[PDB]
Each structure stands twice: as C-alpha cells, then as structure tokens.
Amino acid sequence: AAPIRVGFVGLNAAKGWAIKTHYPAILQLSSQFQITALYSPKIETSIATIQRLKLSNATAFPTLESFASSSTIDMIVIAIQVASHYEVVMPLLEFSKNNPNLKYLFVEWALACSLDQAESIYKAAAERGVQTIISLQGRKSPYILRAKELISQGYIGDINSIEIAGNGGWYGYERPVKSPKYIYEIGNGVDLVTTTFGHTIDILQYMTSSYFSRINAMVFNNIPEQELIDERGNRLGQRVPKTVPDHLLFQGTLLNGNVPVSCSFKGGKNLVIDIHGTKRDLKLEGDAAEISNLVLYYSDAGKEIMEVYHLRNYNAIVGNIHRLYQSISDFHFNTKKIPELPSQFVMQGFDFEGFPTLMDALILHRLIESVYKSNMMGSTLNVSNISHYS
C-alpha cells in the first residue's frame, strides 16, 4: 500500500557512501521508499542534510535512544564506518524494541570488525525478529545474475575449475595523503581480504551455487611503509605505516564438484574471474562495483563462438545498490504476486530472488576469519561446516 519509511544512520549530504548510492536509489523509488528519520552524533549535520536534500518528511533525532525508539520508521539503514557498527547497532537493537513497526534492518558490508562482533550482532538481530539485509550488492549486478543463470542452466556444463585475479585499492606502494589512517590499520573492518576479496569470493559462491570445503591462504604485508601522494598523482616524499595486507593468495575447493579455485589479490586490470566449464568457458572482467563485462567461449571442421554481454553506459556503483533496493521493494510490495509467501526469510543463500541477509554476511565473515586463521596457523582448513546454523 504505502511507501517504506526509512530511518538513516550515516546519511550525510556532504560526504560518504550513502549519499552517492543509497540516496540516489531512494530518490528514484519515491513511490516505495521515504526517509523519515536521520541520526548523527552531531544533530546539526542531520538537520543540514535534511535541508540540502529537501527531505520534506525527515525528522532529525538527537540520540540513538530517541531514533531507535521512534515508531515512524519501518526500515533502519546503517551506513557508517565498520569500526562503529557493533557499538551502534547493539544498543540500537535494544532501543528498537520500542518500535512495533520496525520490519527491516539494513547494514552495510562489512558487518563488523571481527567474527565475534558479527556473531553477537546476528544473534541480537534474530532476538529482535526483524528481516535483515546486508549490502553485498554484487549479488544484484546484471553480469553476476546472467552468469549465475547461464551456469545454473548448464550452459557452460559442469565447472572444471576457476581462477581469480584481483586488484584492491590503495594497498599498493602509494597512498593519497588524503585517505585516512583507519583504512590502513588492521582490525578496523576494511582491508584487501575483508573487502575486495569478501565481495568477490561471495559472488563466486553465489554464481556457482556452492560453498567451499577446504581452503588455504597466505596473507602478506610486504609493503609496511607506503608512499604518500597528492591529487596530481605525484609522490610527496613521505612515508606512512600500513599494517593491513598488500597481497592475498587463496586456493580452495567448492563443495559442489570439488572444483579447484586459484586466487590472487594484489594491492595496486581490476578484476578477472575465469570459470572453465566442460562445454563453455565463462569470463567476467573489470577496470577503473564493476565487474563490467561478461564473456562466453565455445569450441575439418571446427567452429568458435564468442558471446559478449556488455551494457554500454552502466554505472555499477549506483546501479547495484539501486537493484538491491528495488529487490527489497519487490519483496515488500510483492510485485510478482505470490500470496503464498511468508513475511520473512533467514537467508538468501543461492536463491535468485530476495536479497542477502545478515546470515549471508555471517557465513562470509566466517570464511574471512578462516582465511586469516589458515594463514597464521599455516594450514589447510576444512570450512564446509561454516554456513550451518547461527
């Protein structure tokens, strides 16, 4: 019937992730989403934001307490630094018992700075009985879904093997004197493994509809000191410490078919995912949330066939969050009208419809932990039970 009332923690018109992605989506989908509540530590900014965006329905709350309690909210969105997720969401969840209308809790990836915090958060979310949503928007990319479709329909045949090559961000030999210090210190929830590799390995499991059984990882900090740089792209003859990793080696096996997976992630061509099937090979590529290109190959007298799938002018960064929101709306308003559906689901798993949940994020955090665990202990781990309960 009526639009979904959205309360935002982390929406800021001046800066941040939510203004570039979440807002533009909620803007397009005004018929279905409405922002009714903002919370910042500084109330002046919440208010400033409401005026710059002319949020004719937004109320700027002064406290987490007040915000989380308000019954003018159907969905809360958390879009703040990962290091503050746990400290803000655990309280918020307690307070939120004073809102009978709360239905959805939407949290950005990563969920927390550690598997422990992530478990606590998931536990608490369940106790609260709301539907949850994590921001693994890769699951909504047009490329990922076509690939998944092709694969699940037998178009490449059985998966023989997979290779992944990846590039990570500012974890090369250089750092913008701009970018913060919290990005480059371990345990703050943002890094090569948790982020770049997290998003990628997830879409891999999702496209192939399989989890891992065994994995082995080596994690590197071969670049402990980074070279600062300006906006011109020139070095400022200044060095800064970096405790987060600059390289990740990862190999493992998928449960379904015991498929070999070789992966390399570097800190500095953004992304290549090579899936070799018995009938066709499938390749996904990137440059500069993309993923921007999908390619399929087939093999006196032989024929070769190349299928390219490319959306000419597509903005993945806003594109994927959009489709995530759209997918939440289609679930709420039941656009494909299936009267026979309950109001809530634990996880998406490998289903096409719906969206990733905190349970999906938890499983991922479990896989991330196991990676680090593998590296330190220097051993190959059996991870095939991760993804059992909660």
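Just count from 1 along the sequence shown to find any residue number.
> Could you tell me how many residues of the deposited sequence sit unmodelled between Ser299 and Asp300 (none, 1 to 3, 4 to 9, 10 or more)?
According to the record, 10 or more deposited residues lack coordinates from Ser299 to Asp300.
> In this entry, is the chain continuous from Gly268 to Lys269, or are deposited residues missing in between (none, 1 to 3, 4 to 9, 10 or more)?
According to the record, 4 to 9 deposited residues lack coordinates from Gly268 to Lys269.
> Should the higher mean CA B-factor in the entry be assigned to 36 to 44 or to 355 to 363?
Per the PDB entry, the higher value belongs to 36 to 44.
> When the C-alpha temperature factors are averaged for each of 65 to 73 and 318 to 326, which stretch ends up with the higher value in the entry?
On average, C-alpha B-factors are higher across 65 to 73.
> Maximum C-alpha temperature factor per the entry, among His276, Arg214, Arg175, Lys148, belongs to which one?
That would be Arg175.
> Identify, among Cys263, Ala289, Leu255, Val193, the residue whose C-alpha carries the highest B-factor in the deposited PDB entry.
Across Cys263, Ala289, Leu255, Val193, the entry lists the biggest C-alpha B-factor for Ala289.
> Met377: which third of its chain by C-alpha temperature factor?
Its C-alpha B-factor, which the entry lists for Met377, ranks in the middle third among residues of this chain.
> How does the C-alpha B factor of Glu119 compare with the rest of the chain: lowest, middle or highest third?
Ranked within chain, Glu119 CA B lands in the middle tercile.
> Divide the modelled residues of the chain into thirds by Cα B-factor and specify which third, lowest, middle or highest, holds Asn99.
According to the entry, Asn99 has a C-alpha B-factor in the chain's highest third.
> Within this chain's modelled residues, let me know which third the CA B factor of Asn188 belongs to: lowest, middle or highest.
Its C-alpha B-factor belongs to the middle third of this chain's values.
> Splitting the chain's C-alpha B-factors into thirds, which one does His310 fall into?
Bottom third by C-alpha B-factor.
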